[PDB]
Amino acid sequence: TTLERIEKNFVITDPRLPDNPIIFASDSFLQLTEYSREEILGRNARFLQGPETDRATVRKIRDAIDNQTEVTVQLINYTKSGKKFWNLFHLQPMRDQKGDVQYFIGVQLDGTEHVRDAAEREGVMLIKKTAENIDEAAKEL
């Protein structure tokens, strides 16, 4: 299917279920993070966080979800085995024709460090296009 043909790291969550759980995780995301579908479907994506994760950054994501809007930030995430990586992360809601929020989309791009300037511009372009591809692929669900 077209959603399965999207060769990027992403998850999709359902805010209408208690605690906004992951209901779809891409093949790339699972292998990058070392988790299986059985392990993380039904879980809030906060399991990616840990000791060196910046609290104020996580706060910005919380607030954007509360307000039902987009956000793009960078923060430290961990794999299952405990390996650190920087996540250039973009979030955005899927809405129906009346504007009601159906799901949240989240797209990840792994780095070894915080990026800025042209490197950041390129990464942001990649993840935002992907999110639009995901939204188009899932618009009947």
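Just count from 1 along the sequence shown to find any residue number.
Q | Residue stretch of maximal mean CA temperature factor, 23-31 vs 48-56 | A | Higher mean C-alpha B-factor in the PDB entry: 48-56.
Q.
Comparing average C-alpha B factors as deposited, tell me which of 113-121 and 5-13 sits higher.
A. Averaging CA B-factors over each stretch, the winner is 113-121.
Q | Among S36, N87, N67, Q92 - the residue whose C-alpha B-factor is largest in the record | A | When the deposited C-alpha B-factors of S36, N87, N67, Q92 are compared, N67 is largest.
Q. Within this chain, which third does the Cα B-factor at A137 fall in: lowest, middle or highest?
A. According to the entry, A137 has a C-alpha B-factor in the chain's highest third.
Q: Using the B-factor values recorded in the entry, state whether the Cα atom of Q97 falls in the lowest, middle or highest third among the modelled residues of its chain.
A: CA B-factor rank for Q97: highest third.
Q. With respect to C-alpha B-factor, does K83 fall in the lowest, middle or highest third of the chain as deposited?
A. CA B-factor rank for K83: highest third.
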